[PDB]
Amino acid sequence: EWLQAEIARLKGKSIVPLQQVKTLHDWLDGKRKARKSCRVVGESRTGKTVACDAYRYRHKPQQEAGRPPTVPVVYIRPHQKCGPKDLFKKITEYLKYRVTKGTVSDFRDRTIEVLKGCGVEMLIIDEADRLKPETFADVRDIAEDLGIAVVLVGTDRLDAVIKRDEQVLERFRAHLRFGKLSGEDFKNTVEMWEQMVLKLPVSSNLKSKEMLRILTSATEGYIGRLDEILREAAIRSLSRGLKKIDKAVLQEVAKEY
Amino acid sequence: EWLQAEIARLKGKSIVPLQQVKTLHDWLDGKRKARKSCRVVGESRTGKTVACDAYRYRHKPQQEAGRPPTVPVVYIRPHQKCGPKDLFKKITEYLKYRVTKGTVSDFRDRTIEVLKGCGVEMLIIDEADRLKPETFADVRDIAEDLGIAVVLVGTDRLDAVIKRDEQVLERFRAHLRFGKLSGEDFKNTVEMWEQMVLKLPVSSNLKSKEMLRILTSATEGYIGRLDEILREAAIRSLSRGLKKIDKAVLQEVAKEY
Amino acid sequence: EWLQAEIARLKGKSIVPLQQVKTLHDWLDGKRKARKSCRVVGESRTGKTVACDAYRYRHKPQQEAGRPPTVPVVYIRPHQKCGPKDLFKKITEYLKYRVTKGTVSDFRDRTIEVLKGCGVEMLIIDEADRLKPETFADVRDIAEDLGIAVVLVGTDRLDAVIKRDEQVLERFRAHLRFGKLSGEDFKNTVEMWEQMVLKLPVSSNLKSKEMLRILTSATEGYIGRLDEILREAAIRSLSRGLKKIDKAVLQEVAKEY
Amino acid sequence: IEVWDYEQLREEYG
Amino acid sequence: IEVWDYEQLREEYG
Amino acid sequence: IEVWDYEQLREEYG
DNA sequence: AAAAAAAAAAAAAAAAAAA
DNA sequence: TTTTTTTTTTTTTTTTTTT
Ligand SMILES: Nc1ncnc2c1ncn2[C@@H]1O[C@H](COP(=O)(O)OP(=O)(O)NP(=O)(O)O)[C@@H](O)[C@H]1O
Ligand SMILES: Nc1ncnc2c1ncn2[C@@H]1O[C@H](COP(=O)(O)OP(=O)(O)NP(=O)(O)O)[C@@H](O)[C@H]1O
Ligand SMILES: Nc1ncnc2c1ncn2[C@@H]1O[C@H](COP(=O)(O)OP(=O)(O)NP(=O)(O)O)[C@@H](O)[C@H]1O
Ligand SMILES: [Mg+2]
């Protein structure tokens, strides 16, 4: 059935190359080879986590006949009120070692042994502000002791937390910021999304003045909103036997947000 | 009856050449001729014991008209909380001598006499962490006194035990590690197993995207899981008159684990 | 390749003699021979840890044919929320003795035995404020019982912690403070760094009014910032085929912080 | 412009 | 690629 | 003025 | 006639946020 | 000035088992 073949596709996930994404990859790579720590900030739906995954995936673990995987980039996300015992466990699991029972100093001594030997060049911490302040002592120590760049990713609250401590604010002084789309960039994106992602039999011509007004008001430049809304509109539209997104269906979806 | 002829086969055991296995054979052989001790570690279903058997079997005992068998490789597995009296008995039995009643020093003096004369070049100890700490004194002494390489095989707990004692950690410093399959290696293996082991009248084409997803999620790269699951699926499938493994039967089996 | 030979150098680390550094060495040495305890404070990027290493390295362990190394200066850095059991372990490792299992009183009795015999005259504790308050009892006792000067190194928070306890505040009353560079001192440093560290084929003349303004605003007198920024600018500049740092590249780097 | 399927990048992971 | 029957390797053992 | 290579001071350590 | 592995065990302790 | 409530350590004399 053609209709289900398509619905199964539209309801999926993909990464679209964008300027923000390319910028980050080049910036982080600069930083990785210079071994310097930094942070990335921006508003909650700009597509920060995804830009980071896109990067991780371009640098796969490497494997020889004998020794452990070489793992240039490690990516983790901490739980709420994450403590020092919790971070060593995730670093150790990520690199595929078994975590056994012991106390904090034992997880620490073990984390430094697996981080060594196994080439690790960069550590990326998502939602950085979930960390308890005491953990930052352990994060800085690693960044200083091992040639590992540490990148903190987060929202504007992160800076409110970071500026509470001079020592940390200084390790992580350099930053890159993600923001909203606008003007020509938002319009060209919309067009990309139509030709590169939706691909309906006829298509809708969403760069017309009438449709961009609807999308602009509905999405306010967040890539997260634009994606959800166009996909909810294409699958609704197909379920009803249409070959394109029109104004009434698009407004019908937009009014639900 | 064709059906039983086949079921009797699929329900059996075999050794498939794999890269991990070839690597170990060359590594151990290097070590054997240099007479150096070492250890092998890896996760519990990577196929360590089997790789070791495959090696043992390539070096059969040799026999002349008069003197005892020459036995280049000795392979043993200790019982739980194995003591010093228990090891000498297994070494002596393995080489086909009768064990008579006496005390520890008598089993020891006798073990060194049968280890001499009878050429023994390497001793492999499986499940090395079943040994009581006091036995390690006797293991090191043999490794130093006789030109015998001793190989300790085990899981990650082994290293937690070994690092408790400096003297042992140092005799057995060099190591090789087994791990999980992934990416191209897991996929090519799956294909090997289908053509080289299952051999159904039609076959299933398990390197297709749809089937690999099922197997990947079901097996997580352990060779032990992949083998059990494909064999349970081929015999179930034959019992039902099929000439290949389909998706519903494979999922039916996978959901039972 | 000339370009890589140079990049490998600029991306390294070195210690530049500075007035702050010389002052500390003479001050601490005074204190060492008088056996008095003291503390060192200053802002987080003034180069306190490095000044201390520069000192440690001028007093190497000494060795005779028989007895243990004589070790005039011991330098340690505690982990977060460091307890009494943790300090004895680091002191014992530092002096190259094996630490065995026991309880707190056993690490303590052993720490005093290795501190004796082995000449130790000064103990330097970096990041002093990571210590739990209960440890200070053990630190004072050592300072009083053995002819060992104890130096506490840290930031302004250290004093907020120290003034919580009269007994400690009094042992460690004397202090030296590190601060920012300014005026002629910052300008002469910049010049030192160019001739003594960067060494580009042509050089940039960074003591000119135009360049100092850029650096002053970018670095605010911290030696830690000045070093990072000039090195990031020299390697960026070389990668682009230049023989000196210009204004656009320097501003290009400064704007990233 | 090529677009990457998210699940693909994941299925192909080390 | 040849595959070895496990029981075979055992039955042929010294 | 002489400058010390950091790694040098370390490699030459007791 | 002497070594070895738990046995949980209940306190004991700051220690943080809100109102 | 007040109220939860939350995670971490620390030693700790007993009990049973065996060769
Ligand atoms: N190249 C891309 N292709 C497709 N979607 C993208 C792309 N970049 C961003 N997105 C959308 O971003 C949304 C995920 O947002 P997400 O990345 O979670 O926000 P964020 O950047 O993580 N900040 P936060 O979500 O607060 O952590 C998904 O809807 C993605 O489709
Ligand atoms: N090379 C191989 N060819 C075919 N089957 C294998 C191979 N290696 C292992 N197997 C099967 O996969 C499992 C191997 O298990 P096993 O070798 O016992 O794990 P291991 O390597 O011994 N680690 P452990 O079992 O914890 O000691 C068994 O089911 C084998 O039949
Ligand atoms: N004397 C120096 N010569 C050359 N570089 C220096 C010197 N002092 C500091 N630096 C550079 O600046 C950094 C010094 O910072 P550091 O020594 O870590 O200060 P700090 O004392 O650690 N402060 P804290 O945050 O309090 O640890 C190092 O990266 C050095 O390169
Ligand atoms: Mg420091």
# chains A, B, ... in the order shown; residues from 1 in each chain; ligands from 1

$ residues_near_ligand --ligand "ligand 2" --cutoff "7 Å" --atoms "only C-alpha atoms (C1' of nucleotides) and all ligand atoms" --output "PyMOL selection string"
chain B and resi 13-18+21+43-51+127+223-225+227-228

$ select_by_dssp --residues "chain E" --states "helix (DSSP H, G or I)" --output "PDB file with C-alpha atoms, in the first residue's frame"
ATOM      1  CA  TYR E   6      33.090 -29.928  17.282  1.00  0.00           C
ATOM      2  CA  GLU E   7      32.473 -33.567  18.038  1.00  0.00           C
ATOM      3  CA  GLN E   8      34.823 -34.523  15.238  1.00  0.00           C
ATOM      4  CA  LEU E   9      37.729 -32.540  16.631  1.00  0.00           C
ATOM      5  CA  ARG E  10      37.074 -34.378  19.913  1.00  0.00           C
ATOM      6  CA  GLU E  11      36.734 -37.895  18.435  1.00  0.00           C
TER       7      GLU E  11
END

$ calpha_fit_and_write --fixed "chain A" --moving "chain C" --output "short mmCIF file (atom, residue, chain, number, x, y, z; two decimals) with C-alpha atoms, in the first residue's frame"
data_model
loop_
_atom_site.label_atom_id
_atom_site.label_comp_id
_atom_site.auth_asym_id
_atom_site.auth_seq_id
_atom_site.Cartn_x
_atom_site.Cartn_y
_atom_site.Cartn_z
CA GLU C 1 0.00 0.00 0.00
CA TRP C 2 1.52 3.29 -1.21
CA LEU C 3 -0.20 5.38 1.40
CA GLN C 4 1.27 3.45 4.35
CA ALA C 5 4.70 3.24 2.72
CA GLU C 6 4.77 7.02 2.79
CA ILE C 7 3.21 7.60 6.09
CA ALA C 8 5.85 5.34 7.68
CA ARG C 9 8.46 7.64 6.16
CA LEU C 10 7.08 11.00 7.07
CA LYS C 11 6.58 9.89 10.59
CA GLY C 12 10.34 9.19 10.88
CA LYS C 13 13.48 11.17 11.75
CA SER C 14 16.32 12.64 9.72
CA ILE C 15 19.14 15.19 9.88
CA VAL C 16 19.09 18.03 7.38
CA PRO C 17 22.36 19.82 6.73
CA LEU C 18 22.05 23.43 7.85
CA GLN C 19 24.46 26.29 8.31
CA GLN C 20 24.33 26.11 12.08
CA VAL C 21 25.20 22.51 11.89
CA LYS C 22 28.12 22.93 9.57
CA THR C 23 29.41 25.83 11.65
CA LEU C 24 29.42 23.77 14.80
CA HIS C 25 31.22 20.87 13.20
CA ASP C 26 34.07 23.08 12.04
CA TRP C 27 34.23 24.98 15.33
CA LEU C 28 34.29 21.88 17.48
CA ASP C 29 36.85 20.27 15.26
CA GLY C 30 39.06 23.21 15.62
CA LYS C 31 38.71 22.87 19.31
CA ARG C 32 39.26 19.21 19.35
CA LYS C 33 42.68 19.31 17.82
CA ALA C 34 43.82 22.14 19.99
CA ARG C 35 42.52 20.27 22.97
CA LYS C 36 40.62 23.22 24.38
CA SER C 37 37.34 23.13 26.46
CA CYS C 38 34.39 25.32 25.53
CA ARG C 39 30.63 25.51 25.77
CA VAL C 40 27.67 25.67 23.41
CA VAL C 41 24.52 27.58 24.31
CA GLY C 42 21.26 28.45 22.63
CA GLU C 43 17.47 28.41 22.93
CA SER C 44 15.61 25.20 23.64
CA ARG C 45 14.45 24.25 20.14
CA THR C 46 17.33 25.26 17.89
CA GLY C 47 18.57 21.72 17.32
CA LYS C 48 21.67 21.58 19.51
CA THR C 49 21.49 17.91 20.49
CA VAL C 50 21.05 16.83 16.87
CA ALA C 51 23.95 18.97 15.62
CA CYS C 52 26.15 17.17 18.23
CA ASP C 53 24.91 13.68 17.13
CA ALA C 54 25.59 14.58 13.53
CA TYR C 55 29.12 15.26 14.64
CA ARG C 56 29.55 12.17 16.76
CA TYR C 57 28.47 10.00 13.86
CA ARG C 58 31.14 11.28 11.55
CA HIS C 59 33.84 9.88 13.86
CA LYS C 60 33.20 6.21 14.46
CA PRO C 61 35.07 4.10 17.02
CA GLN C 62 37.97 2.27 15.40
CA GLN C 63 38.98 -1.36 15.87
CA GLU C 64 42.09 -3.47 15.44
CA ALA C 65 42.53 -7.18 16.04
CA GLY C 66 43.57 -6.88 19.68
CA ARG C 67 43.23 -3.74 21.77
CA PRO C 68 40.07 -1.83 22.85
CA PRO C 69 38.19 0.46 20.44
CA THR C 70 39.73 3.80 19.81
CA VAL C 71 37.00 6.32 20.55
CA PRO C 72 37.79 9.90 19.55
CA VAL C 73 34.44 11.36 20.74
CA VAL C 74 32.41 10.45 23.84
CA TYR C 75 28.85 11.78 24.20
CA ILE C 76 26.85 11.50 27.42
CA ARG C 77 23.72 12.98 28.98
CA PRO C 78 23.49 13.18 32.80
CA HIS C 79 20.34 12.47 34.88
CA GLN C 80 18.82 15.11 37.22
CA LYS C 81 21.01 16.21 40.18
CA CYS C 82 23.83 14.02 38.74
CA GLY C 83 26.57 13.26 41.26
CA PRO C 84 30.22 12.21 41.04
CA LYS C 85 29.41 8.57 41.22
CA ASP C 86 27.08 8.80 38.26
CA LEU C 87 29.38 10.32 35.74
CA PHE C 88 32.06 7.74 36.05
CA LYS C 89 29.54 5.02 35.50
CA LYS C 90 28.24 6.60 32.25
CA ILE C 91 31.80 7.26 30.88
CA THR C 92 32.77 3.62 31.63
CA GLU C 93 29.57 2.18 30.02
CA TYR C 94 29.91 4.35 27.03
CA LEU C 95 33.29 2.89 26.31
CA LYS C 96 31.89 -0.60 26.76
CA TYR C 97 33.52 -1.72 29.96
CA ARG C 98 31.64 -3.42 32.78
CA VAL C 99 31.06 -1.36 35.88
CA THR C 100 31.61 -3.28 39.11
CA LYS C 101 30.79 -2.41 42.74
CA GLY C 102 33.09 -0.08 44.74
CA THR C 103 33.17 3.49 46.13
CA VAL C 104 33.76 6.89 44.39
CA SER C 105 37.45 6.65 44.38
CA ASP C 106 37.17 3.34 42.72
CA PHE C 107 34.99 4.52 39.93
CA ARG C 108 37.39 7.45 39.44
CA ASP C 109 40.55 5.42 39.30
CA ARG C 110 38.85 3.10 36.77
CA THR C 111 37.51 5.93 34.64
CA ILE C 112 40.95 7.36 34.20
CA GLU C 113 42.30 3.89 33.24
CA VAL C 114 39.67 3.38 30.50
CA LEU C 115 40.01 6.99 29.25
CA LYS C 116 43.75 6.26 28.83
CA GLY C 117 44.91 3.74 26.23
CA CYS C 118 41.59 4.03 24.53
CA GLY C 119 42.22 7.19 22.55
CA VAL C 120 39.64 9.72 23.67
CA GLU C 121 40.07 13.25 22.41
CA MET C 122 36.74 14.94 23.20
CA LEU C 123 33.98 14.56 25.81
CA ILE C 124 30.59 16.18 25.10
CA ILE C 125 28.18 16.69 27.98
CA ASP C 126 24.59 17.38 27.02
CA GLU C 127 22.20 19.20 29.34
CA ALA C 128 25.25 20.36 31.26
CA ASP C 129 23.21 22.08 33.92
CA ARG C 130 21.94 18.85 35.39
CA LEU C 131 25.29 18.43 37.13
CA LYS C 132 25.62 19.02 40.84
CA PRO C 133 28.21 21.66 41.61
CA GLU C 134 30.48 19.19 43.30
CA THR C 135 30.96 17.30 40.06
CA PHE C 136 32.63 20.15 38.40
CA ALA C 137 35.74 19.45 40.42
CA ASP C 138 35.96 16.07 38.72
CA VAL C 139 35.19 17.44 35.26
CA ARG C 140 37.91 20.12 35.47
CA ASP C 141 40.47 17.65 36.79
CA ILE C 142 39.95 15.36 33.82
CA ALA C 143 40.12 18.24 31.39
CA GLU C 144 43.42 19.31 32.93
CA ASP C 145 45.00 15.85 33.66
CA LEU C 146 44.17 14.15 30.29
CA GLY C 147 44.44 15.71 26.83
CA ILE C 148 40.68 15.74 26.57
CA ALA C 149 38.58 18.66 25.40
CA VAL C 150 35.36 18.94 27.35
CA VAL C 151 32.37 20.62 25.76
CA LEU C 152 29.37 21.74 27.83
CA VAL C 153 26.10 22.00 25.89
CA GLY C 154 23.02 23.79 27.20
CA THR C 155 20.40 26.60 27.56
CA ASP C 156 20.76 30.14 29.06
CA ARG C 157 20.33 28.79 32.51
CA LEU C 158 23.67 27.08 32.05
CA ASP C 159 25.43 30.35 32.14
CA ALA C 160 23.59 31.39 35.20
CA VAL C 161 24.92 28.29 36.87
CA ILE C 162 28.43 28.50 35.48
CA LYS C 163 28.98 32.10 36.56
CA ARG C 164 28.50 31.03 40.14
CA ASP C 165 32.04 29.67 40.22
CA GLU C 166 35.09 31.46 39.05
CA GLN C 167 37.17 28.40 38.48
CA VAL C 168 34.73 26.85 36.09
CA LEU C 169 33.78 29.97 34.33
CA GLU C 170 37.40 30.30 33.31
CA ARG C 171 38.00 26.81 32.05
CA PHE C 172 34.94 27.16 29.83
CA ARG C 173 35.15 30.77 28.72
CA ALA C 174 34.93 30.33 24.92
CA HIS C 175 31.48 29.67 23.53
CA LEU C 176 29.37 29.28 20.42
CA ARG C 177 25.70 30.26 20.29
CA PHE C 178 22.72 28.85 18.38
CA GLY C 179 19.71 31.00 17.61
CA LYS C 180 16.49 31.36 15.69
CA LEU C 181 16.01 31.43 11.91
CA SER C 182 14.85 34.54 10.12
CA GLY C 183 14.45 36.39 6.87
CA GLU C 184 16.04 34.63 3.93
CA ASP C 185 17.34 31.83 6.06
CA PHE C 186 14.01 30.77 7.37
CA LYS C 187 12.46 30.98 3.90
CA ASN C 188 15.22 28.95 2.15
CA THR C 189 14.95 26.34 4.97
CA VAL C 190 11.26 25.98 4.39
CA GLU C 191 12.02 25.39 0.77
CA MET C 192 14.73 22.90 1.64
CA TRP C 193 12.31 20.99 3.82
CA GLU C 194 9.77 20.71 1.17
CA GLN C 195 12.07 19.37 -1.54
CA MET C 196 14.50 17.54 0.68
CA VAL C 197 12.17 16.05 3.34
CA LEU C 198 8.43 16.07 2.51
CA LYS C 199 8.58 15.09 -1.17
CA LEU C 200 4.84 14.96 -1.90
CA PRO C 201 3.67 13.91 -5.41
CA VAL C 202 2.77 17.47 -6.35
CA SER C 203 4.27 19.65 -3.52
CA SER C 204 2.90 22.88 -2.08
CA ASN C 205 5.25 25.73 -3.02
CA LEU C 206 5.74 26.85 0.59
CA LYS C 207 7.97 29.82 -0.24
CA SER C 208 5.00 31.77 -1.48
CA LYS C 209 4.00 34.78 0.52
CA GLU C 210 0.72 33.30 1.70
CA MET C 211 2.20 30.14 3.15
CA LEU C 212 5.24 31.67 4.68
CA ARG C 213 3.05 33.95 6.71
CA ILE C 214 1.29 30.99 8.15
CA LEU C 215 4.50 29.17 8.98
CA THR C 216 6.28 32.19 10.30
CA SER C 217 3.57 32.96 12.77
CA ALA C 218 3.26 29.31 13.69
CA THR C 219 6.98 28.53 14.12
CA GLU C 220 8.73 31.79 15.13
CA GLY C 221 11.99 30.55 13.61
CA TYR C 222 12.63 27.47 15.69
CA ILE C 223 13.72 24.54 13.60
CA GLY C 224 11.99 22.21 16.07
CA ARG C 225 8.69 23.82 15.44
CA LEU C 226 9.03 23.97 11.73
CA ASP C 227 9.75 20.33 11.45
CA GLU C 228 6.88 19.16 13.59
CA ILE C 229 4.40 21.32 11.92
CA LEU C 230 5.24 20.43 8.35
CA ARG C 231 5.31 16.77 9.09
CA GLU C 232 1.99 16.81 10.99
CA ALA C 233 0.52 18.65 7.96
CA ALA C 234 1.92 16.26 5.33
CA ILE C 235 0.67 13.08 7.02
CA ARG C 236 -2.75 14.61 7.78
CA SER C 237 -2.97 15.68 4.18
CA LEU C 238 -2.07 12.28 2.81
CA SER C 239 -4.46 10.46 5.01
CA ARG C 240 -7.16 12.50 3.24
CA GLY C 241 -6.01 11.64 -0.26
CA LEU C 242 -4.23 14.88 -1.10
CA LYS C 243 -1.00 15.26 -3.07
CA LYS C 244 0.04 18.53 -1.42
CA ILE C 245 -0.33 20.70 1.69
CA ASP C 246 -2.91 23.46 1.28
CA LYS C 247 -3.79 26.45 3.45
CA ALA C 248 -6.78 25.06 5.32
CA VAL C 249 -4.97 21.87 6.48
CA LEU C 250 -1.80 23.83 7.44
CA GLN C 251 -3.90 26.37 9.44
CA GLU C 252 -5.96 23.45 10.89
CA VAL C 253 -2.67 21.98 12.29
CA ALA C 254 -1.10 25.35 13.28
CA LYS C 255 -4.22 26.28 15.37
CA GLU C 256 -3.63 23.13 17.51
CA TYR C 257 -0.35 24.65 18.83
#

$ select_by_dssp --residues "range 60-179 of chain C" --states "strand (DSSP E or B)" --output "PyMOL selection string"
chain C and resi 62+70+73-76+82+122-125+131+149-154+175-178

$ interface_residues --of "chain D" --to "chain B" --cutoff "10 Å" --atoms "only C-alpha atoms" --output "MDAnalysis selection string"
chainID D and resid 11:14

$ residues_around --residues "range 5-10 of chain G" --least-positions-apart "3" --cutoff "10 Å" --atoms "only C-alpha atoms (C1' of nucleotides)" --output "ChimeraX atom specification"
/H:12,14-17

$ residues_around --residues "residue 3 in chain H" --least-positions-apart "6" --cutoff "12 Å" --atoms "only C-alpha atoms (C1' of nucleotides)" --output "NGL selection string"
:G and (17-19)

$ write_last_selection --atoms "N, CA and C atoms (P, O5', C5', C4', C3', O3' and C1' of nucleotides)" --output "JSON list (two decimals), in the first residue's frame"
[["chain", "number", "residue", "atom", "x", "y", "z"],
["G", 17, "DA", "P", 20.45, 25.45, 47.79],
["G", 17, "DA", "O5'", 18.87, 25.21, 47.80],
["G", 17, "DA", "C5'", 18.29, 24.29, 46.88],
["G", 17, "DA", "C4'", 16.87, 23.93, 47.30],
["G", 17, "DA", "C3'", 15.85, 25.06, 47.17],
["G", 17, "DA", "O3'", 14.63, 24.56, 46.64],
["G", 17, "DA", "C1'", 15.87, 24.26, 49.39],
["G", 18, "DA", "P", 13.98, 25.24, 45.33],
["G", 18, "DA", "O5'", 12.60, 25.85, 45.86],
["G", 18, "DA", "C5'", 12.61, 26.80, 46.92],
["G", 18, "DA", "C4'", 11.54, 26.46, 47.94],
["G", 18, "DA", "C3'", 10.53, 27.57, 48.21],
["G", 18, "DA", "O3'", 9.24, 27.02, 48.45],
["G", 18, "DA", "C1'", 11.68, 27.06, 50.21],
["G", 19, "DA", "P", 7.92, 27.88, 48.15],
["G", 19, "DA", "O5'", 7.60, 28.59, 49.55],
["G", 19, "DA", "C5'", 7.18, 27.80, 50.66],
["G", 19, "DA", "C4'", 7.02, 28.66, 51.89],
["G", 19, "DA", "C3'", 6.44, 30.06, 51.64],
["G", 19, "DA", "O3'", 5.34, 30.30, 52.50],
["G", 19, "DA", "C1'", 8.40, 30.19, 52.97]]

$ atom_distance --atom1 "CA of residue 4 in chain D" --atom2 "atom 3 (N, counted along the ligand's line) of ligand 1"
8.1 Å

$ atom_distance --atom1 "atom 25 (O, counted along the ligand's line) of ligand 3" --atom2 "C1' of residue 14 in chain G"
27.0 Å

$ atom_distance --atom1 "atom 26 (O, counted along the ligand's line) of ligand 1" --atom2 "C1' of residue 6 in chain H"
27.9 Å

$ decode --residues "chain D" --atoms "N, CA, C and O atoms" --output "JSON list (two decimals), in the first residue's frame"
[["chain", "number", "residue", "atom", "x", "y", "z"],
["D", 1, "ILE", "N", 20.81, 18.22, -2.09],
["D", 1, "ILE", "CA", 21.59, 18.08, -0.88],
["D", 1, "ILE", "C", 21.17, 16.76, -0.24],
["D", 1, "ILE", "O", 19.99, 16.43, -0.18],
["D", 2, "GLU", "N", 22.15, 15.99, 0.20],
["D", 2, "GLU", "CA", 21.86, 14.70, 0.80],
["D", 2, "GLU", "C", 21.31, 14.92, 2.20],
["D", 2, "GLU", "O", 21.75, 15.81, 2.91],
["D", 3, "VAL", "N", 20.34, 14.10, 2.58],
["D", 3, "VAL", "CA", 19.84, 14.14, 3.94],
["D", 3, "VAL", "C", 20.06, 12.79, 4.60],
["D", 3, "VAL", "O", 19.86, 11.75, 3.98],
["D", 4, "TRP", "N", 20.48, 12.78, 5.86],
["D", 4, "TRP", "CA", 20.72, 11.50, 6.50],
["D", 4, "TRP", "C", 19.57, 10.98, 7.28],
["D", 4, "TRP", "O", 18.99, 11.68, 8.07],
["D", 5, "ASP", "N", 19.26, 9.72, 7.09],
["D", 5, "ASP", "CA", 18.20, 9.13, 7.86],
["D", 5, "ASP", "C", 18.78, 8.97, 9.25],
["D", 5, "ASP", "O", 19.90, 8.49, 9.40],
["D", 6, "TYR", "N", 18.06, 9.40, 10.27],
["D", 6, "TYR", "CA", 18.57, 9.31, 11.63],
["D", 6, "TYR", "C", 18.78, 7.88, 12.05],
["D", 6, "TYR", "O", 19.77, 7.57, 12.66],
["D", 7, "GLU", "N", 17.84, 7.00, 11.74],
["D", 7, "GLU", "CA", 17.94, 5.64, 12.24],
["D", 7, "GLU", "C", 19.10, 4.95, 11.54],
["D", 7, "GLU", "O", 19.80, 4.13, 12.13],
["D", 8, "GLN", "N", 19.31, 5.28, 10.27],
["D", 8, "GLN", "CA", 20.48, 4.79, 9.57],
["D", 8, "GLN", "C", 21.81, 5.11, 10.22],
["D", 8, "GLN", "O", 22.58, 4.21, 10.55],
["D", 9, "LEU", "N", 21.98, 6.35, 10.65],
["D", 9, "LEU", "CA", 23.27, 6.75, 11.20],
["D", 9, "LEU", "C", 23.50, 5.90, 12.45],
["D", 9, "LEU", "O", 24.61, 5.45, 12.71],
["D", 10, "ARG", "N", 22.44, 5.69, 13.20],
["D", 10, "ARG", "CA", 22.42, 4.81, 14.38],
["D", 10, "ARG", "C", 22.66, 3.32, 14.15],
["D", 10, "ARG", "O", 23.44, 2.71, 14.87],
["D", 11, "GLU", "N", 21.99, 2.74, 13.17],
["D", 11, "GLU", "CA", 22.21, 1.34, 12.78],
["D", 11, "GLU", "C", 23.60, 1.06, 12.25],
["D", 11, "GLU", "O", 24.12, -0.04, 12.41],
["D", 12, "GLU", "N", 24.20, 2.04, 11.60],
["D", 12, "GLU", "CA", 25.57, 1.92, 11.16],
["D", 12, "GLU", "C", 26.61, 2.26, 12.24],
["D", 12, "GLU", "O", 27.81, 2.26, 11.97],
["D", 13, "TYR", "N", 26.17, 2.55, 13.47],
["D", 13, "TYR", "CA", 27.16, 2.90, 14.50],
["D", 13, "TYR", "C", 28.07, 1.83, 15.08],
["D", 13, "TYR", "O", 27.72, 0.66, 15.18],
["D", 14, "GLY", "N", 29.28, 2.27, 15.43],
["D", 14, "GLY", "CA", 30.33, 1.41, 15.95],
["D", 14, "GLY", "C", 29.85, 0.80, 17.25],
["D", 14, "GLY", "O", 30.11, -0.36, 17.55]]
